Structure formats: structure tokens, C-alpha cells
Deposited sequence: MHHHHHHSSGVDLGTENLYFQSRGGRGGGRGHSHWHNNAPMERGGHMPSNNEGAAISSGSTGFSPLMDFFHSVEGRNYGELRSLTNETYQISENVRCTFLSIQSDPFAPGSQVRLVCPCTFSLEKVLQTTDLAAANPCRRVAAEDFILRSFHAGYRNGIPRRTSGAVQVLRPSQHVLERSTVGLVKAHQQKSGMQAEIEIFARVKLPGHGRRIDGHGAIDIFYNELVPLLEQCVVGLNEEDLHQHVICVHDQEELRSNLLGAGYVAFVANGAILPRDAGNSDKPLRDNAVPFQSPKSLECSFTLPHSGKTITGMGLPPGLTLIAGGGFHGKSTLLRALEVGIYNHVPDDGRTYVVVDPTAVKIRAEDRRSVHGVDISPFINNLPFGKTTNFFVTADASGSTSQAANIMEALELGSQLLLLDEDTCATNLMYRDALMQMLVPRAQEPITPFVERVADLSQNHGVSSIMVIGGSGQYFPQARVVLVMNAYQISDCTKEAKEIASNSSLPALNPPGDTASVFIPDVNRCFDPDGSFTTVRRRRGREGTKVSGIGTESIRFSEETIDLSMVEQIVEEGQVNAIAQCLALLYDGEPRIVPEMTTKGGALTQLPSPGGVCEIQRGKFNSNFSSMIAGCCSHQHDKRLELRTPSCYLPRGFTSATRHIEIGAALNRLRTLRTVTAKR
């Protein structure tokens, strides 16, 4: 009631008047309360941050399995908050807002279920928003619409008026997914692909499942295996993949890349639509690709590449313009340093030189003269002595056959288990890694340059003061709120110049890190980044550290490996050993 009357009150009057609202809290409905987090300078300044608060109607016991909030499995708290976001957002598609100024920015959820700062379940329901409040004169009627006519009905009908059965099933599917990824290394696998999974996406620029003429994934028998889901009781069946080397071989339009992308997202749980639901991978899995002109600092790529020009150091690599082989190797070590157990390779984004060696090529120029020691030679070593496994798509090269654990053959989106035939083909055709990695972070040479503000640019980049970090090929980033999280971390690392050691220890301390779902090889770089991640988790995916330029509640969880990767490619980065 009173907010409106207030606005009538200030309806004509000048814009400055608005700075009164901030902090000033009003109840706009019986079941809705509004709290003002900021009030911006003008209409065109991006949003005026507000906290929408409304009662939590559903039974915790039925959906969260406990009466007291604090006991609830965080996974289910996430799936809940995730769901509410989804429901509120769908409210626009169901013509619920009697009016749609469209000046209401609230973070849009991916197809993946991540903890987001956006909705918090507290004891109530906490939804953060950004609103473009309506000439120089104020125009209260605009706002008046915006709250009473657009937000209240959406809240009351899609948020307060939730559907419990839907909620409960959301949460059950999600949780069963987490648990099912928690069962992986135990059950004997590194990846599991559920039967009937609709892997292929809707469009090359789309993440939703394929509506038309999808072919449900079917595991070969020899690779078939089953599980029991705890919360649904549903028992499911599919393709299990042992530790070691999984080869995905077929030449054509067959589905190879499509399966693999499923596996990269395999570290996520997605809304029951997604159709990749219950395709799961080790939660530390990393899409490994050549990436070029990326900068490297302090990575020891010496396992793969041996003989740089001009006696330049393999063992502590450093460039601001990297090669396809060198940076791919850079990414493999970058990864191991952050502790990945399952590398994911799509050969078409991989640096052929790294991958294998041609006879003609070696005889043309002697391999003594060639630096590179290809991946095939390091792979058996990595699985046997390190428990690091690889799944990779190979297009037309059987060189990997003596090393291959399984050889898959994809044809028109159908798989066959051809591991026997292939190693038979191989047949008739016939460690090196330091886990304790000496890499500390140097905030001095790293941050000397800058002049600030830190902010996430879409899904692609980080505005880091005058600097700009390119994540366009950190392919497992799948939300804007993720890169935003990363921005929070960077602005933190920057702001407190006690923290590197402090976070390094904060990290060495931990036994398990948070998955982006909420559920819980070393070095000081690694461990530090773990410290940052962990601290961020602590403060509810919202560090506020001063140099950060971010709205309240547009942040999504992300693995520590991603914060790793983002710093890892700061091109002002400096690092010591």
C-alpha cells in the first residue's frame, strides 16, 4: 500500500528525491515485502538494486526432508532456490504479469542447476533484482506498474503460489543427479551416460534439448551398467566408462562431438528437461583444448614439449602469444595443477602435434630435432601412475589403439563397442609428472599495472580494471553469474595484499571443495584458488570486496578450476617457484 502513495507523493518532483527510498523498506502486498539495496543516479544507470522478500509456503519436510532450515541438504536448498527462480521467470511466458515494463532485471537461469546468490532460502524467500526505474521528472506511475502490476502477481502466483509437486520432483531429480555423480569413482567409472538421454541440442546456438527427431542414447551391452537412485528409487541403466583411456572414433556427422559436450557439462546437474540428465562425469573433468595467443606464466609443460627455441625454459613456461601445441599442453598442466582427473579431448580443437607422430614426418625431420613428446606416450603413464583418465574423440587415427581402454564407434548416433577389433588392428599392425608443483602467485608483478573496477563481461570475458581476460575457450563456463563469481574472486585477490598466503592456507586446510551444486596434485596456486573458492562459498556467493562492480545477486557458483583458469590467463600474471 504505502509505496504507491509515496510515489504519488513524489510523482512530479525531481529525480533526486529517489535517494530517500534506499534502505527504506515497504510492504507492497500481504505476501510481499520490498527492500531497497541501492538507488541509482538516473534512469539510464543500469538498475536500482532491490531485495524482494516473500514468505515460503511449501513444506520443508516434504521437499527438504527437515523442519529446521539449517539441517537441509544444501543440494536440495539449491534445487529449491533454482526452481523458484525458474518459476518466477516462467511467469512472463504464462502471461501472469498484468503489465510488463521489462525494467525488471533478474538473472536468467541456465539449463544447469547451480547455487546462485539470486535466490536465497532463509529463515522466507529472498529474490534479488535490478530495476530501471522510470523525463528527468520522476514518473511514479511507471514504477507503480512495475511493482504492483508486474512483480507482485509474478511473486504471488509463480513464487508464493508455487507447485509443490513440481518443486519436490525438481529437487528429487537434482539430488538423485548429485548422488549419482558421487557414485562414480566408487562404482568403478569416470563417466556414466544414461540410457534414453537426449544429448543433442536444439540449435548450434542453443542449450535446450533437441525437440525434433532426436535419437535416444543407447549404451552397448558390453559397456552397460546400472544404478539405484536414492530419492526417487528409480533404477537406471547405461554406458559406464572405466578409468583409463576411452576412445570415440567415427568418421562423419555421427555424434562424436555431441556426446563429448554432454560429458563436459557432465559436471553439472540440469533441469529435468535437459535430456542430458544423468550423464555424469568426474566433477573435476576438464575440456582440454589448444588455445592460442593465450598467455602462460609458470606452467611446467615439460612433459609434453621438450625443446623450445633459444634455450627458452620448458619447465617454467611463459608467453604472451602461445602456440597451439604449447598452450594446449599449458592447459593440461594448468588442469592437473588444479587437480583434474578426467581430461576431455575433442580432436578438432586439439593441437595435432601434441596428439601423435607421423612416420613420414619423423623421417623427414628427425624427432630428436622435434621438441614435442605426444600425448599417446604420456597417457598410459597418467592413468597408471596418476589416476588421471582421458576420453577423446579421434577422427581418423588409430595410433591410440595400444593405449586405448575402450574404443567406441559412433554411427548415425548409435554406438558400438569396438575395443576388441581395434586392439586387434593394432596388434597386427605391430612417471614424468610431479604432483607437488612449485607455483606460487606473485600479487606484486601481477597487480602492479592496474589503475579500480572489476566486472564480468557476459560469459566471455572479464573486465579487470583496464585489463581484459579471455574466457571464450574456458568451455565449461556456462553462466554469466559464474564469470561474475570469478570477478568477485579477482577483485578480492586484488583488494587484500595478507590474503595470498592466507587463502593458500585456507585452501590447504580443506578436504573437499564445493561443487557448483552445493555439495562438498597440489600447489600454492591451486590451494590458494581453493581458498578463494571456499571463502566465496562461505559468504554466500557474494564477496563485496571494494573494487568489485557487480549487482547484488547476479552471481552463480563455479568450480575452483574455473577461477584457476581465469587467473591462469591474466596477461598481467606473474608467478614464482
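### Gaps in the model (deposited sequence, numbered from 1)
Model skips 1-63, 187-196, 208-209, 506-516, 538-544, 591, 615-620, 678-680 of the deposited chain.
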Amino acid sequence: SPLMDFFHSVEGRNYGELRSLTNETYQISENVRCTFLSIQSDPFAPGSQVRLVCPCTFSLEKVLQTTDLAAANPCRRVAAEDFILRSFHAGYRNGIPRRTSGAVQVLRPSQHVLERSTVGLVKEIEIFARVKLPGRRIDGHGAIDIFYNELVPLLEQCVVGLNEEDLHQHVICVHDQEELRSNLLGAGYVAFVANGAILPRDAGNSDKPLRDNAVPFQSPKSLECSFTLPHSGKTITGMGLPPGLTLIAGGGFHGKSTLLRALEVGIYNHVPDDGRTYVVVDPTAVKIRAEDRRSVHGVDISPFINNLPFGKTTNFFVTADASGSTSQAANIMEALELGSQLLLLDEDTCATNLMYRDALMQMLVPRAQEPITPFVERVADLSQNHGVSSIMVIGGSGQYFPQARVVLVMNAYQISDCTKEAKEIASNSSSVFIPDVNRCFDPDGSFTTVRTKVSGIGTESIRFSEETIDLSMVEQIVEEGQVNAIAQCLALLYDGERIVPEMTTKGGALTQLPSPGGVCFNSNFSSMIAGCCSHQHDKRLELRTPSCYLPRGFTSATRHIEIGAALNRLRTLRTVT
From here on, numbers count along this sequence of modelled residues.
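Stretch with the higher entry mean CA B-factor, where the candidates are 356-364 and 455-463
On average, C-alpha B-factors are higher across 356-364.
Which has the higher mean CA temperature factor in the PDB entry, 140-148 or 368-376? Mean C-alpha B-factor is greater for 140-148.
Residue with highest C-alpha B-factor in the PDB entry, from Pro230, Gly496, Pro303, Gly255: By C-alpha B-factor in the record, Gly496 ranks first.
| request: Go through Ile96, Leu338, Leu260, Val281 one by one and give the residue whose Cα B-factor in the PDB entry is largest. | output: Highest C-alpha B-factor among the listed options: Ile96.
Requested in this report: Among all modelled residues of this chain, ranked by Cα B factor, put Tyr92 in the bottom, middle or top third, i.e. lowest, middle or highest.
Outcome: Highest third of the chain for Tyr92's C-alpha B-factor.
Item checked: Chain-relative CA temperature factor third for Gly507 -> For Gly507, whose C-alpha B-factor we compare with every modelled residue in the chain, the answer is the middle third.
### Query
If you rank every modelled residue in this chain by C-alpha B factor, which third holds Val483: lowest, middle or highest?
For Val483, whose C-alpha B-factor we compare with every modelled residue in the chain, the answer is the middle third.
Record-listed C-alpha B factor of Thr558: chain third = Bottom third by C-alpha B-factor.
Checklist entry - Lowest, middle or highest third of the chain for the C-alpha temperature factor of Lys234? => result For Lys234, the deposited C-alpha B-factor lands in the middle third.
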